[PDB]
Amino acid sequence: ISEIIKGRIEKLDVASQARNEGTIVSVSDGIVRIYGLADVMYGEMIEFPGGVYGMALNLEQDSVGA
Amino acid sequence: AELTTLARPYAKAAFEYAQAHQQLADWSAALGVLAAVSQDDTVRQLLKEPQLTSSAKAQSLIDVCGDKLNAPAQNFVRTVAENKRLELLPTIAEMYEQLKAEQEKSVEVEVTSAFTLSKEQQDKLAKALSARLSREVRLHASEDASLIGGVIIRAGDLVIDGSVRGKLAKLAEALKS
Amino acid sequence: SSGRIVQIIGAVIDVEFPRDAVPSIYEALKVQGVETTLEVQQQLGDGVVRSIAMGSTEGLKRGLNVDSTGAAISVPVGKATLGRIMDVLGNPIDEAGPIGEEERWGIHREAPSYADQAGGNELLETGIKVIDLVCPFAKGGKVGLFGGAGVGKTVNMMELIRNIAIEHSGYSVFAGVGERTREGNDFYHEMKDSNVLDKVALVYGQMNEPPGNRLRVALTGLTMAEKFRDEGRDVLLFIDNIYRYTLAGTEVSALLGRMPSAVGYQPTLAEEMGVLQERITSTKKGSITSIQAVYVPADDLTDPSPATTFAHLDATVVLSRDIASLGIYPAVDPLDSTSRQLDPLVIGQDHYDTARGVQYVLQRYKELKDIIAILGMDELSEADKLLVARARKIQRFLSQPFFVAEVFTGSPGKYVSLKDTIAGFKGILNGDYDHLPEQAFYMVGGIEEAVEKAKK
Amino acid sequence: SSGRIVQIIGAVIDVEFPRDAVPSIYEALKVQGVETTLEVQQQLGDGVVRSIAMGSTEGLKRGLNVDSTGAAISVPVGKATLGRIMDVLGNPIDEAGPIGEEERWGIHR
Ligand SMILES: Nc1ncnc2c1ncn2[C@@H]1O[C@H](COP(=O)(O)OP(=O)(O)O)[C@@H](O)[C@H]1O
Ligand SMILES: [Mg+2]
């Protein structure tokens, strides 16, 4: 609200991410949960480090289950 | 569950504290500011990242509000962040005022007249509405051109309608039945 | 206004709209770019609607814009639908280009009121001995072909279509719900080659299609039949499998946030069935005569889905796996099949006495069967030995070769008039043909043929 | 690095580690004050891992320090194992002294 509160926000250095990239949140029983893949399509293939590949099955509101 | 159910403990905690320390007006401003900051698109995006710890997210929000939060408010912010509830700040801010209003013995009414507005008219009804409700009334008059002639008075779950649209509705169901 | 996809899970999609522009229940939505339709099933709150895709979701993404159409799925109706194959959305699924519609109706509708129902008992002849005897159909009545997997539901329905639809002067709607795509192709070429395709509207939703398609295909076919009924016409409505409508609701129910009921079924099993079944009726304007095939999970007639279906029908024909396992077709169970037209005041005392006579003989033999297995035949009384012979013959005389089954039977098809059906069974019950070997009644159309088969 | 027991429910234990030092699945962990061994089953997020105890959990409490070993449970193999009795972790349980192992192999392959 207050211009002072309006500021500090442009100095938080809030990062950003491409719509075709995301990051792993948890790893359990062959299921991986990923954050940020906004352009993922159901059934699309996800590339992880090491040449491991996954398949997006749960496109939930704030997490992708692969 | 309803955001209200999840915000009830946090809000009652803020209120019992503000009351026993005579801070019922300071926390209103602090909660309104915290609610406001959290809704901004840049802050909303920041709070939804897996890289930050609960303390880091909590700290970043106290820094943007700064003086707006007294020692206690900043600690309350740390409790909300620790429990991962920073998405409920607008709801937490709303329910605090409701507990406060019942304490101050007041109501925010929302009057809607058809085509006329006068300083005499607002008080003329604030006396009866106050008498009926047994509370002080902070009227918030507005304009509703949809109505042919009359006013609709909303206070809490009570809705005293004296609008001609209301008499039209009655006459219509009566004539078709 | 415009909405954004917020959550895709299988066939279920959530779309968020402005809180002042939330689309209505059952409203149709269109995804931008992708060719996909979503029907609102629930209003979760905060401008979000829960919907089911009428297509595939492999190409759908979060954030795609969705458009509100302001109405439910609107399909073409009237004369333009005759001789055409269509999908759930009413699009043509044949290469004959577009359909010249002059009106579109919404698939969702209220059932006719209590004052609009009409009562009639005109007897409809089928040409099958077991049905014409114990399950007499009536014009404007509801028929159900109950049975498990591989006992004859499709074959029997095709024979009826042939013995009724081909002669029927009025129009006809055929709805393939959760059917094999091969059966739909064989039937289309059959209606086309028989020159009867001109008076039959074809709607197909096979097993390869998404749950939403199989959940609304029945409402599309029924909407076309209702337009014709309301014009004052007499219509025939054939549904390949109405169970697939219930199953599509079970497949999607849990993703819609509904707790499961007994035998893992949707908690709305009886209402979802009543809402469809009450529209398939003959009012005071025109008459819909309908034949539905009803799948019975694991051959158990007590399963909630089959058990909830019996109360909606006038004629109930039951097919038995134990009869089919003995090389007997049609495998109708005379002691389990029933009809409202089976009443001396509706047909006649001679027909009724013959039917009850056959049932009495078969019911008594069901208990002597085990007695003969343990011990032996010799230990029976003469009346029981004499009864066992007639029962085994009547069971065989119920078998009739059908033209649609010639590919499987190898023999020519036969058509038996109810008169021959009554005459033959009466004679066997009298004991006139007690001089014929048991093997002579198997697949022999009329009793006369049986007398000839005994000489070969 | 070193984590802290954050949760205990029967044979299953949750341990929190710094975000740059989270143990991999099947990595073996040792509790500092009792030397009880834990095997990591899954990574839950926020630096928290879930593990199964390779012994009794009676007497363990929240806040105890846990050490990551950098490898899966590794057991002795070869001629030195003949005529000897061993437990799940490859320790001798026959009172005949230590095993003359030349090499150890991980139990997951
Ligand atoms: N009347 C019949 N004559 C010969 N074969 C039949 C008959 N009824 C069913 N069948 C056999 O069963 C199949 C066709 O029955 P169908 O209608 O598909 O059964 P259901 O629909 O109950 O699964 C074919 O394999 C066919 O050999
Ligand atoms: Mg079939």
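Residues numbered from 1 in each chain as written, not as in the entry; some residues may be left out. Chains lettered and ligands numbered in written order. Part of a larger assembly, values for the part shown. Heavy atoms only, no water.

Looking at the entry header, you'll see cryo-EM listed as the method and 3.02 Å as the resolution.

A. The overall build of chain B, seen in detail. Tallying secondary structure elements over chain B gives eight helices and six strands in all. In sequence order, chain B lays out its α and β elements as α-α-α-α-α-α-β-β-α-β-β-β-β-α. Over its C-alpha atoms, taken along the principal directions, chain B stretches across nearly 65 × 35 × 30 Å. Relative to its full complement of 177 residues, chain B shows a buried share of 35%. Considering only contacts within chain B whose residues lie at least 6 apart along the sequence, 69% involve residues at least 24 apart. In the structure as shown, chain B presents an accessible area of about 10800 Å², 52% of it carried by carbon and sulfur atoms. If the 22 positive side-chain charges of chain B are averaged to one point and the 24 negative ones to another, these points end up 5 Å apart. (Helix = DSSP H or I, 4+ residues; strand = E, 2+ residues; numbered from the N terminus. Buried < 20%, exposed > 50% of the residue type's maximum accessible area, 1.4 Å probe, protein only. Contact = heavy atoms within 4.5 Å. Areas by Shrake-Rupley, 256 points an atom, 1.4 Å probe, with all protein chains shown as cover. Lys, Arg positive; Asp, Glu negative; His and termini not counted. Charge placed at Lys NZ, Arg CZ, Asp CG, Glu CD.)

B. Local environment of the overall build of chain A. Helices and strands together make up the secondary structure of chain A, namely one helix and six strands. Order of helices (α) and strands (β) in chain A, N terminus to C terminus: α-β-β-β-β-β-β. On C-alpha atoms alone, chain A measures out to a radius of gyration of 16 Å, which is more than a quarter above the 11 Å that the 2.2 N^0.38 rule sets for 66 residues. When the backbone C-alpha atoms are referred to their principal axes, chain A occupies close to 50 × 25 × 20 Å. By residue count, 29% of the 66 residues in chain A fall in the buried class. Taking the intrachain contacts of chain A between residues at least 6 apart in sequence as the baseline, contacts between residues at least 24 apart amount to 20%. For chain A, the accessible area works out to roughly 4300 Å², and carbon and sulfur atoms hold 53% of it. Computed over 5 positive and 10 negative side-chain charges, the separation of the two mean positions in chain A equals 13 Å. (Rg over C-alpha atoms; globule rule 2.2 N^0.38 Å.)

C. Main features of the nonpolar core. Residues and elements named next belong to chain C. Counting residues in each nonpolar core, the largest one holds 63 residues, and the members touching the most others are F137, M157, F174 and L202. With sequence-adjacent residues up to four places away left out, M157 is seen in contact with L145, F174, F238, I239, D240, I291, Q292 and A293. Ranked by size, the runner-up nonpolar core spans 40 residues in total, among them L219, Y245, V252 and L276. (Core = buried A, V, L, I, M, F, W, Y, C linked by side-chain atoms within 4.5 Å.)

D. Region of interest: helix α7 (residues 119-133) of chain B. The end-to-end C-alpha separation of α7 of chain B is 21 Å, in line with the 21 Å expected for 15 residues at 1.5 Å each. One or two positions beyond α7 of chain B, positive phi appears at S134 of chain B, with a value near 65°. (Expected span 1.5 Å × (residues − 1).)

E. Up close: the site of ligand 1. All names here are of chain C. The full set of residues close to ligand 1 is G148, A149, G150, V151, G152, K153, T154, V155, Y329, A405, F408 and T409. Taking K153, its main chain carries an N or O atom lying 2.9 Å from an oxygen atom of ligand 1. Between an oxygen atom of ligand 1 and a main-chain N or O atom of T154, the distance comes to 2.9 Å. Coverage of ligand 1 by the protein chains reaches 79% of its 560 Å² of free accessible surface. Taken together, the elements giving at least two residues each to the shell around ligand 1 come down to α2 (153-165) and α11 (406-409). If you tally residues by element for the shell around ligand 1, the top one is α2, at three residues. Of the residues in the shell around ligand 1, the class split is six nonpolar, five polar and one charged. (Near = heavy atom within 4 Å. Polar contact = N/O pair within 3.5 Å; in protein donor to acceptor, adjacent residues only side chain to side chain. Nonpolar A, V, L, I, M, F, W, Y, C, P; charged D, E, K, R; others polar.)

F. Here's a closer look at the sheet that holds strand β4 (residues 142-143) of chain B. Residue and element names in this part refer to chain B. Strand order across the open sheet formed by four strands is β4-β2-β5-β6, with mixed pairing between neighbours. Strands with a single pairing partner mark the edges of an open sheet, and in this sheet they are β4 and β6 (158-161). Across the face of the sheet, α7 comes into contact with β5 (151-155) and β6 while running at roughly 140° to β6. (Pairing = 2+ DSSP bridges. Axes fitted to C-alpha atoms, helices over the stretch in contact; angles between N-to-C directions.)

G. Structural context of the interface of chain A and chain B. With 12 residues of chain A in contact, the opposing surface of chain B contributes 17 residues. Between chain A and chain B, a total of about 1200 Å² is buried, with carbon and sulfur atoms accounting for 72% of that surface. On the chain A side of the contact with chain B, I5, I9 and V14 of chain A bury the most area, a combined 40% of that side's loss. Where chain A meets chain B, there are one salt bridge. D62 of chain A is the partner of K48 of chain B in a salt bridge, and the nearest nitrogen-oxygen pair spans 2.8 Å. The interface formed by chain A and chain B contains three residue pairs in polar contact. For the side of chain A that touches chain B, the per-class residue count stands at eight nonpolar, two polar and two charged. (Buried area = accessible area lost by both parts, 1.4 Å probe. Salt bridge = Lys/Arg side-chain N within 4 Å of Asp/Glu carboxyl O.)

H. Region of interest: the interface of chain D and chain A. Across the boundary between the two partners, chain D contributes six residues, which contact five residues of chain A. Across the chain D to chain A interface the summed buried area is about 360 Å²; carbon plus sulfur atoms make up 43%. Across the contact surface, chain D and chain A share zero salt bridges. At the surface where chain D touches chain A, the tally comes to one residue pair in polar contact. Each residue belonging to the side of chain D that touches chain A can be placed in one class, and the counts come to two nonpolar, four polar and no charged.

I. Representation of the arrangement of the chains in the model. The smallest C-alpha distance separating chain B from chain C is 11 Å, and no contact links them. At no point do chain C and chain D touch; the closest pair of C-alpha atoms across them sits 22 Å apart.

J. Representation of the pattern of salt bridges. Residues and elements named next belong to chain C. Within this structure, the stated rule accounts for 35 salt bridges over all chains. The partner of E39 in a salt bridge is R216, and the shortest N-O contact between them spans 3.0 Å. In this pair, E39 sits in strand β4 (residues 37-45) while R216 sits in helix α4 (residues 211-230), placing the two residues 177 residues apart along the sequence. Pair check on accessibility: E39 and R216 agree, each one buried. The shortest N-O distance in the salt bridge between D230 and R229 comes to 3.0 Å. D230 gets classed as partly exposed once you look at its relative accessible area, which sits at 33%. One network of salt bridges, in which partners are shared, links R109, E226, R229, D230 and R279.

K. Structural view of the side chain of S287 of chain C. All names here are of chain C. Considering the arrangement of structural elements, one finds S287 in strand β16 (residues 287-295). Judged by relative accessible area, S287 falls into the buried class, the value being 18%. Here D234 takes part through its side chain, which lies 2.7 Å from a polar atom of the side chain of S287. Setting aside its immediate chain neighbours within four residues, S287 contacts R229, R233, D234, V235 and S282.

L. Here's a closer look at the packing of aromatic side chains. Overall, the coordinates contain 10 aromatic pairs over all chains when judged by the stated rule. Ring centres of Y17 of chain B and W27 of chain B lie 5.7 Å apart, and the angle between their planes is 70°; this geometry places the pair in the edge-to-face category. Of the two residues, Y17 of chain B is situated in helix α1 (residues 3-20) and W27 of chain B in helix α2 (residues 26-39); the sequence distance between them amounts to 10 residues. Ring plane angle 75° and centroid distance 5.7 Å describe the contact between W27 of chain B and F76 of chain B, whose orientation is recorded as edge-to-face. Linking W27 of chain B in helix α2 with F76 of chain B in helix α5 (residues 71-82), this pair joins segments that are 49 residues apart in sequence. Here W27 of chain B and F76 of chain B have matching classes, each one buried. Put simply, the rings of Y10, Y17, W27 and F76 of chain B pair up and form one aromatic cluster. Lying over the aromatic face of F397 of chain C, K129 of chain C brings its terminal NZ or CZ to 4.5 Å of the ring centre. (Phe/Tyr/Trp six-rings, centres within 6.5 Å; stacked < 30°, edge-to-face > 60°. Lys NZ or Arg CZ within 6 Å of the ring centre and 35° of its normal.)

M. Representation of a negative patch on the surface. Together, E3 and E10 of chain A together with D40 and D41 of chain B line one region of the surface with negative charge. With respect to the secondary-structure elements, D40 of chain B resides in the loop between α2 and α3 (41-47). Given a relative accessible area of 33%, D40 of chain B falls into the partly exposed group. (Patch = residues over 30% accessible without salt bridge, like charges linked within 9 Å, V, L, I, M, F, W, Y side chains within 5 Å.)

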